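Encoded as structure tokens, the structure appears first; notes follow it.
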Amino acid sequence: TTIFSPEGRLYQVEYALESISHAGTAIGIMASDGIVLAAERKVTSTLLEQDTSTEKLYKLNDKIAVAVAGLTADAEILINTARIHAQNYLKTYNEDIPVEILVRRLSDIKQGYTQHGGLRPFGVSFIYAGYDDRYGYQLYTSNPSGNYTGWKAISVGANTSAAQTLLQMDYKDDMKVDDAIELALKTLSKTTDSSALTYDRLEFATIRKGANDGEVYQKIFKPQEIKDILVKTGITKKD
Amino acid sequence: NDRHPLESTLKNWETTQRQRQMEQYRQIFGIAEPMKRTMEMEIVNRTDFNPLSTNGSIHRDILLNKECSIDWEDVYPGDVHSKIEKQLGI
Amino acid sequence: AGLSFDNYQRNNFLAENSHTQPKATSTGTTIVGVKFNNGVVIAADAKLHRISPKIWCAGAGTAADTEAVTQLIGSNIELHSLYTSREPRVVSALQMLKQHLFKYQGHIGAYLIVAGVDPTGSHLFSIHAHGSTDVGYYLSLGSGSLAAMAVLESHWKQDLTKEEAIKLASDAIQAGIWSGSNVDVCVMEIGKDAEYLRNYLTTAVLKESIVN
Amino acid sequence: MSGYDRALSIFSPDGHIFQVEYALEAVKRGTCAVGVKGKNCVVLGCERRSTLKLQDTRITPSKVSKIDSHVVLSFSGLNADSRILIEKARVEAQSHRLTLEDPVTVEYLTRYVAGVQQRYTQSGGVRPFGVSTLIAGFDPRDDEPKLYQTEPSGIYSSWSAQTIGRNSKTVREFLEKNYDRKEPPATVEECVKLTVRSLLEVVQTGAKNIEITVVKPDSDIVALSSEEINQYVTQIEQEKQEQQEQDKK
Amino acid sequence: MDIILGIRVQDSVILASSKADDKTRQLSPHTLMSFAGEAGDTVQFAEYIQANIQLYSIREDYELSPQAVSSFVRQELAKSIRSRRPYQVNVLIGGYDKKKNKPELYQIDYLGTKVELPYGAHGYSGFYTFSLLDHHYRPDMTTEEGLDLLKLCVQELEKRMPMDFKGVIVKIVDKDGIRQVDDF
Amino acid sequence: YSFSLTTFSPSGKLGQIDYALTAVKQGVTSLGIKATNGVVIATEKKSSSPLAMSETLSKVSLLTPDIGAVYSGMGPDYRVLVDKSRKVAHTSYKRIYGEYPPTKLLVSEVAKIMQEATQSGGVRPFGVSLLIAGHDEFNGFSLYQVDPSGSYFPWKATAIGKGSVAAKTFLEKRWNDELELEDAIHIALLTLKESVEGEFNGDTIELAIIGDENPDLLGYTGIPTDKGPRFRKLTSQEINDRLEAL
Amino acid sequence: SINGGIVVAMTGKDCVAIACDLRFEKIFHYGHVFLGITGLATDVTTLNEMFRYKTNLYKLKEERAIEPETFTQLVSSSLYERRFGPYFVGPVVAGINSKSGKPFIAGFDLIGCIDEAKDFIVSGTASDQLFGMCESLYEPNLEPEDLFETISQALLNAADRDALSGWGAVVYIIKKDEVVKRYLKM
């Protein structure tokens, strides 16, 4: 009902934070030449359509992606608002939206749903990723409170604490995107509740530069490409 | 003026057609019928606020008899704090 | 919302100050109708439109407006057929089309001949752009309408069969002939699908770059 | 209105234990923010919590926020709220000039901010902001430094030095001993040195945690970098060794 | 009068605007607009543009590219005509793109027509400036050659229109941001 | 003003929606299966009296000529969503693109309507789970489930209502990635034969398919460009003929 | 900046083409669908912004690019929205069905009536000089190189032969899995 606890703390935000603390794990890592996003997906359903095109990971425009921990129903309302804002910026300025302007845009909407008592807050945590000329490769996180922070590597959702410790000891400022592929897969295999990692339990993506000077490219990996980085990395659930 | 003949008519069409309907129901059925219909619409409009959705409401289309009809206004449609401090008064 | 007047004043200065405003395409050519035995034929010389499987129109005046209203009302007729669980009546479409043409005061320049079969029988009507209506066993609109109506009256009789209605339709169209210029017809017959019948009658300096 | 004053035992009216008191509790839990005037500058300083090892410093927001070319705002309490509170003040100031051919006055940037905070107190089951702020700068065509504090209730006050957030008692105690209102720090360097001494007593580890912005007349706004505040911290720590070794026994 | 002239050079943009308020607004540390037209609507439109780019620059702690300010200016110019009979306005935007080290020049008409230029003019000119510019113009022209081309161009304008226009204000955008330069 | 409904319970749960999934769990079962060349959606019709004419209570509904829907839960909540879903398909997509929306775009729009009912004062969430099934030129055949939360899921097969856990276990046991539409019809008729509360015949059972185009059902000839409805609702005689092959 | 100008569009065996006047192309692309717009330059650029927006949102929402015929319905329904004060334009869509391989060209009046000629399309003022040239030079089922030849000679011949120093033409030749933009000068 958006009233303070006597400590000056918001009960609804704390309960929304309890909800996302169950909501599946996501890791993001910022290499010297690209960003990696990975998310672990609890497929307890055989008849759920794996090889559906998205669940945890989404495009916001041609150079920005997100991972979702939380309610996917809540996330998709924010994701569409961010997509509309990215194209409305591109229409106005003829230029691609800077990552800080969009990440904090979704952090200002999520704060409003925490102040007015007719609205429940959004049960979603986002690990944003992208490139722009103002900064370069940027990795941000945002949570049900409307707080947002810049990171070199971060986890959200379940098992955050184990994942942050594993990131901290292996992360290097000068590492390449293929080292961040390896690291994010290792971290998730060293954090997972499921017995071993496999291509349908895993959502993956990258924000590389490629060979051509003007390019930045956002491969949100199809299952067969994820099977290749799995067998190359030594996670290798292979015949 | 230089302004299109049809502009002021189509701007106010939705309001005008309901205002004209309520006056017919007052005349044919008495003051109780538009008093009932305006209070149903008040409960539906006033208890249905969500800063990110502007695409009408499902029960308002049932109340207004618009549940199986499209206008050009439904295919061609046209800040959360500014919405909050309008809904509550500033 | 709906059709906007954004550049109405912007284009009131462009035409005044010597840009030729692009020509809206118009179908001014003959359109006819035939309440023939146990059904109804309509024809025109791209020009015949569907409000539902059993209700069709021919349009004259602005081409985009005849398509646009028939597609808007076709949406409302489809939704009403889903809402009521009953085949859409020609009088319901006529009411919608005529009531929609009235809201727009003839600034939507569609002139329309409407025909169809429904659980009541076979019906034929025509609406002018200010939202006012005709009924008859045979109707015609467009520039050849004098000559077409002379041919329609000169040969119509009760119990006109399909073939004879299709002959009269085609002769009232060819009496409009001396864009457009050969017949499309649709035939609505009370037990049967609408039968639609199309056409019934080193040099220079090069540089190049690859793109996606 | 609190504690041991109780007639025939007691019972509560509509009164003190209220949403705004719990917003004041949120403000006290947010990092320490300080501001001191000088002869012809004002310096605002903040506590960063010590950044985590995987946090990205080059994109991390400067805690002290510029509202306009001559106005600076810092806060304690809820960050998300301060972001929503700075946006309103920034557009309010840009709109001021666009409609008044006049840059916003520091006192109008304090009455507006506390004013909007007061409306979220007044009614509606919309909560007050868990935020308290320092607003500092200069008016246009003047050389007088200004420094205001605002609180969740929408009360505001002018200070020649003040502190808000965590541990602010101990800082205000140090300022009352080291800030003389007759002879304030006569130079920017001394003003910055006083804020670094003031913060050094309350910050977690050292030069990492302090960050300062200096405002001067005629829109000369200037954030100090880590390397510049490291030479202030080092100079103050040199003088501590010098004072200790200048013991006479 | 209300003339605007433009002579962008290898490492600057030179905006010349008629002497009377300048009718040319500093949008940022490295962007000028000049504008001409119906004196009420253009002055107020320029202040609306300036307040929106100042708000962006404060909100970001960042510069806005000469492109992005220009497309914002065209989009707001077009959006202001969607309920209005077109007001006489022309905009000449010159700025320095500090992420690519290029000076840039743009012209926007009352209809909202962006064109990216070597050189430009409006308000009180015919083919006499455009012929004089096209004969002498070069991609690598220096700022001193540009000021001389602008002096030739103002002299051609003066010779054809001997009434008193009280000279013109010249302003330069380069690596060092806006410089007001004295010329006669 | 202490005004919302579906607020968070201290364990991180939404509460009212949980009670809305108990209303869904009490309905007559419905189910759906996706095959290689078509899809099937099916349910039972429960009579309030044997004097009721259940040719009037359709449970399986056409959303667009290539998309079908069925429910479990409160039928009144389902009559109101289906008519908004039909209006949405025409107004948002057909009237801009001259073609009907896919079965992922219409499912998103239905789910957006159910999400708005959770995040409101004044309104309870819906008491229905919807199965939406269909075809599109680039996605191909698809089946989705939508719940009172506004969460939507793509499924190979699913069931909802009273018999849903035994139905979902039979659907896992019988589904394979090479089924055809006549096979999926047999599996769906077998699954309702276990979940049926009343009598089992062509009059009590609702069954629809999205399969091949049927140019007969377009009701007008002359336009091959228009292929004709993929969605077909099985006639009571076909259901009784297939129920003779059972 | 030059108002008006001409666009021409043409079909070949599994290929399309879009010629246009230079001396800012009239011809935009949104993935494999190309849009040549003639008319007022402000409306050409406002429509580019508007279709870029709508088609980026389409690609995001629908997980695939907008096909030539779908883009035809989108441009006509968007142009129709502006009914009382339209875009002063002649749009010419083109593109090869990515799932069929059939050539597509269509063009529209200012409120969106669809032409769908199977041979060739023209737009701009003084169209009917080029309409005669294009009807004279066209033949069905060309190869891509002859298709380039017929559209480029149409542009050259109907060109103002008095001002050929002010000339310049862009010809996009569009194929199933390949697009070549030839700039062409005299």
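Residues 10-248, in that order, are what chain A shows, numbered as in Swiss-Prot.
Using N, Cα and C of the backbone, Cβ positions are placed for all residues, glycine too.
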Exercise for the section: Scan A:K51, A:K100, A:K161, A:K181 for the residue that Swiss-Prot records as ubiquitin cross-link. Expected result: A:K100
Handout entry: Chain-internal residues near A:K231 (ubiquitin cross-link), provided their CB is under 8 angstroms and they sit 6+ positions away
Key = A:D60
Problem - Of A:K100, A:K199, A:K231, chain G-adjacent recorded sites (C-beta under 8 angstroms) - result: A:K100
Exercise for the section: Taking the Cβ of A:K100 (ubiquitin cross-link) as the reference point, list residues of the same chain whose Cβ is under 8 angstroms away and which are at least six residues distant in sequence. Expected result: none
Fill in the blank from the handout: In three-state DSSP terms, A:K231 (ubiquitin cross-link) is classed as coil
Handout entry: Listed in sequence order, residues with CB under 8 A of A:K199 (ubiquitin cross-link) and six or more positions away
Key = A:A171, A:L175
